[PDB]
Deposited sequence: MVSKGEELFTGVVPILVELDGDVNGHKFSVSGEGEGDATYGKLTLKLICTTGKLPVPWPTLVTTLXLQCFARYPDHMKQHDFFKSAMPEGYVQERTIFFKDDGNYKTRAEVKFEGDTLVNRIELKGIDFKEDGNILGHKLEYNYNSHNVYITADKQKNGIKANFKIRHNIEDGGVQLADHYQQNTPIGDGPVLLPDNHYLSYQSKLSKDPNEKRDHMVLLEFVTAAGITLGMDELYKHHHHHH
């Protein structure tokens, strides 16, 4: 295989996610577990709000709460930065602009801790309207399909990405969330720097019928594309 880190994703990998958030002073934490299967580009997570009631809609946290589980086609294997940075991992940082509303800033470390892939995140949100679509909880509990556009950032030995999420509004149009992303390796080992391509995402949100805590079950299907 074209990276040593790629070897770590040939089977099902257990996942842990931990997020600490503060949006307009409303603090919260989220803990999740699940598994990823990069051979099929699939991951499943159950995420719990461990502080009680989540003060923002679950859909607004989907992108923050594992691009190393993308399925890269065989002809694209030299473009998989994410797996090449494993097991030491990478930092993923974003600014997320909600149109006509506030923004999230996130910093995450995605790395192996033993045999488990862990995503540990800090999120800060500011400038939200208390009666906007986010703090007013006006978003549908569902998720559209999007492309994440990736380019190399050789100066940082990493990558950049951008994309636009469309969150359906209950009885309305959509709330846009414009994402800007950077990833840089944590380790010093060599990584794969890609040609321009994209990750095609499809996501499904659901609930565990036996779970009484505030939670989200998230299934993502992720496939790299955009190179002939």
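Missing C-alpha coordinates mark the following deposited-sequence intervals, in order: 66, 230 to 243.
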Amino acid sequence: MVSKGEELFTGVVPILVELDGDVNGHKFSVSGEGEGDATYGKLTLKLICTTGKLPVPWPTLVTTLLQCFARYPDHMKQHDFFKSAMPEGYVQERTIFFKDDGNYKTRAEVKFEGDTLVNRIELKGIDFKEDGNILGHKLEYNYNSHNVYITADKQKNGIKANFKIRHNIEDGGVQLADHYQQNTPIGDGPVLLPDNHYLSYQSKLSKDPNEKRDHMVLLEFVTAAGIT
From here on, numbers count along this sequence of modelled residues.
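Higher mean CA temperature factor, per the PDB entry, when comparing 114 to 122 with 92 to 100: 114 to 122. Between the stretches 41 to 49 and 184 to 192, it is 184 to 192 that shows the larger average CA temperature factor. Take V12, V23, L19, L205 and read off each C-alpha B-factor from the entry; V12 has the highest. Remark: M86 belongs to the highest third of its chain, ranked by C-alpha B-factor as recorded. Looking at the C-alpha B-factors along this chain, the one for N147 belongs to the lowest third.
Sort the modelled residues of the chain by CA B factor and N157 lands in the highest third. Split the chain's modelled residues into thirds by C-alpha temperature factor. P57 is in the lowest one. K129: CA B factor in the highest third of modelled residues in this chain (values from the PDB entry).
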